[PDB]
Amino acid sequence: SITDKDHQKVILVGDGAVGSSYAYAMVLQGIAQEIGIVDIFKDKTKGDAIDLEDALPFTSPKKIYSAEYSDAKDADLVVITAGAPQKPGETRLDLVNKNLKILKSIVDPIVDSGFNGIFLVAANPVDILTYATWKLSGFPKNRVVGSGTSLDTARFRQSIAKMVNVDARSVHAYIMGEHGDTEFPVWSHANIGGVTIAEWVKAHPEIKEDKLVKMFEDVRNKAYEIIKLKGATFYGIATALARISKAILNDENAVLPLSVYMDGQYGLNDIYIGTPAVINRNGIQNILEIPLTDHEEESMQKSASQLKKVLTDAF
């Protein structure tokens, strides 16, 4: 029976706060029917699995368990949240080698299991580890996806939303580039219910230009703020990962900002970097190329350049 294929399975690799919250979000919203949790700390994963199971009588059913890489054989989706943090006194290049070593020992056993699905990558630095995952897995470009700037975009939209007092779902604005310090806002196409930010400021000159600059700076630094205040960040990214998962698993052809492979777009090549893209059950369908201003295009170039120098050096 063809309906035997109506069982969706996600293997989650990494059971820190992010992975754990992602699993909870998936449970609460009833996305996918099976979640296997893989982490070097086997006790912690057993612990989360059976704590999450208690939620199921209040939601839809799911098979949730502590898993092994071999459990990915028939998974639709492999979500990687396992990245080693940058220790003080390491260079970005060192963070990258330390994490490539680890990422290899995940991707290789996963591919060897027979996994033939989509890789969703959220471990930091995400655009680099997304490229790495593509390189190590041999999967097609469009079946390796990074969260990229989805979270920064959400932060940006919510920030604007609060300012103008509007549901953030009616606010459309992007952050693009490498997720991290070189990311940048796309003010030129940002809007609220179709009305652009430029047009909105003209109607509401109380809103000073410097406020908007601060708003973005605050967005770029939001992770640092959160870590200062409570030790780690996780609810945002978890939620974004769930959103992306839903878009793939329900074949939505949704537009989201994501780490995708550049094949000429923005004058870029052979890197993963964050931009709006159409995504569905088969991964990336289209990469939207926003026509940027000169300033904005420069920012994209600078972001891509530093990113690319680091990739080359790392291999």
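In case it trips you up, residue 1 is the first one in the sequence shown, and so on.
Checked against the record, the higher mean CA B factor of 263-271 and 61-69 lies with 263-271. Taking the PDB entry as given, 84-92 carries the higher mean Cα B factor of the two stretches 84-92 and 128-136. The entry assigns its greatest Cα B factor, within the set 18, 292, 12, 304, to 292. Highest CA B-factor among 144, 215, 78, 122, as stated in the entry: 215. Among the modelled residues of its chain, residue 251 has a C-alpha B-factor that falls in the lowest third, as given in the PDB entry. The entry lists a Cα temperature factor for residue 169 that places it in the lowest third of the chain's modelled residues. The PDB entry assigns residue 188 a C-alpha temperature factor belonging to the highest third of its chain's modelled residues. Per the PDB record, residue ranking by Cα B-factor puts residue 284 in the middle third of the chain. Looking at the C-alpha B-factors along this chain, the one for residue 148 belongs to the lowest third.
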